[PDB]
């Protein structure tokens, strides 16, 4: 095998086409399925897999009660083929309550994180074996992307932050070759809070769109340079804006430089990705909760501040159904490289209260240069049928 350099143009995409649904919440009411969250999907050169941090339990289990917590000693990274739900035959690739994974073209690499919030460690496992690790540098919930990392020429760059959720933090960009941390560069530029980045290649670099959980409603952009470990950060120009809580279509702004300070605190993992001076983006249709999910292209949203002229919108999940996190993922074609995205349809505690567990299921679309139609592909689980 050869390492992937991802060099070949991004494919011109008309919009997205349905690609895979898993129905985990539906089946759980008739089969032992894992209780998960913060899922993501990524692919080796031959096929795609689906990851998700489980809750060290199945759904029809007493231990499911109160899984409305992001951090416990039992969350491990699950990894199945795209399409096969997380049943009991599913493998727990490592102990992790925060992860990332990518395949350098030769082998997989997972960065799994567990430990006390105050002093967690992050194991760098490469090709089966545990190759390196690192401890918390700011002693405050060392966390990573929660989606696919990216590698070019044998070097995978994952980004991680440690510090305050709603205040200054410490974002570092890691360069790991074959499981070994060959370099660490610190965040630079104008971004004011970087949590869980959705990253993709843009030869010869990697580009991220993340979550400002402190003062931003607009999304931080984080540009990595693999040539010299340089970093730069900004915000997306679109006045449309894709974080939740969001402000409002008429009343939302972004100058491409600073956290718009409009309902900035709190967030949700999401993604976006350029195209010329355009921006393909996605977001929960709601600006208060995570419900429904539409996507659209913002003409001039990658280069002109406060641009709000959209075209090509699509409803993936209807406005009155639950949405959640979401992230990009690239797949390579015979001629270019398409961008795809998944969306975590979360169920259970918080909104729903008939139950005490919290899990989710997924749905995944992929860019297409062709024609497509209309639909809404929600979780589809009658909450009254469900256990607990």
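Numbering follows the first chain given and starts at 1.
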Subject >> Residue stretch of maximal mean CA temperature factor, 249-257 vs 204-212 >> reply: 249-257
**OP:** Higher average CA B factor in the deposited record is what I'm after, so tell me if that's 155-163 or 219-227.
**Re:** 219-227
Original post:
When the CA B-factors of 238, 295, 98, 233 are compared as recorded in the entry, which is the largest?
Top reply: 233
Original post:
Which has the highest CA B-factor per the PDB entry: 190, 140, 185, 114?
Top reply: 140
Original post:
What third of the chain, by the recorded C-alpha B-factor, contains residue 14?
Top reply: middle
Original post:
If you rank every modelled residue in this chain by C-alpha B factor, which third holds residue 334: lowest, middle or highest?
Top reply: highest
Subject >> Relative C-alpha B-factor of residue 356, binned into the chain's lowest, middle or highest third >> reply: highest
Original post:
Of the three thirds of its chain by CA temperature factor, lowest, middle or highest, which one includes residue 322?
Top reply: lowest
Original post:
By its CA B factor, does residue 61 count among the lowest, middle or highest third of the modelled residues in the chain?
Top reply: highest
